[PDB]
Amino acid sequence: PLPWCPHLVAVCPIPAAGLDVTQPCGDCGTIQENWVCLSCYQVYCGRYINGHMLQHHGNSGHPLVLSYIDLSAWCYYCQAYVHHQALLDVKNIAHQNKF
C-alpha cells in the first residue's frame, strides 16, 4: 500500500457526529461490506454487494473511501490502498466505534 497519494487533499474533516461503522448502504440498505466516503461521509456498499460506492465515486469523483470491515482506505483514481498520517484521525474514530 502506498504511503501517499495525490488525492489525500480531498480528505475532509470528520463530522462531529462521528462515524457509525454499522451504517447501512445509502442506496440499497445492505448492512454488508460498506465503505464511508472520506470527502462527504456518505456510506455505500462495496463491489461484491451492489457496487454503490463505486457508483458514488463515478457520480461525484470523490477519491478515497474507508472500509467498515477492515479500516483500509482505497483510492479509486490510484487504484490502490493508501496509508498516511492524514488518514489516522478518521481510522482511529472508526476503530473506536467498531471495537
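One rule holds for the numbers: they count along the sequence shown, beginning at 1.
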**Request:** Choose from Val21, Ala80, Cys25, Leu88 the residue with the greatest Cα B-factor as stated in the PDB record.
**Result:** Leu88
**Request:** Can you pull the Cα B-factors for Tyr41, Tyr48, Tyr68, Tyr44 from the entry and say which is highest?
**Result:** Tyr48
**Prompt:** Among the chain's modelled residues, which third holds the C-alpha B-factor of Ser72?
**Reply:** middle
**Complete:** Temperature factor at the Cα of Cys37, chain-ranked in thirds, falls in the lowest
**Prompt:** Which third of the chain holds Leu64 when residues are ordered by C-alpha B factor: lowest, middle or highest?
**Reply:** lowest
**Prompt:** Thinking about Cα B factors across the chain, which third does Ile31 belong to?
**Reply:** highest
**Prompt:** What third of its chain's C-alpha B-factors does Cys5 belong to: lowest, middle or highest?
**Reply:** lowest
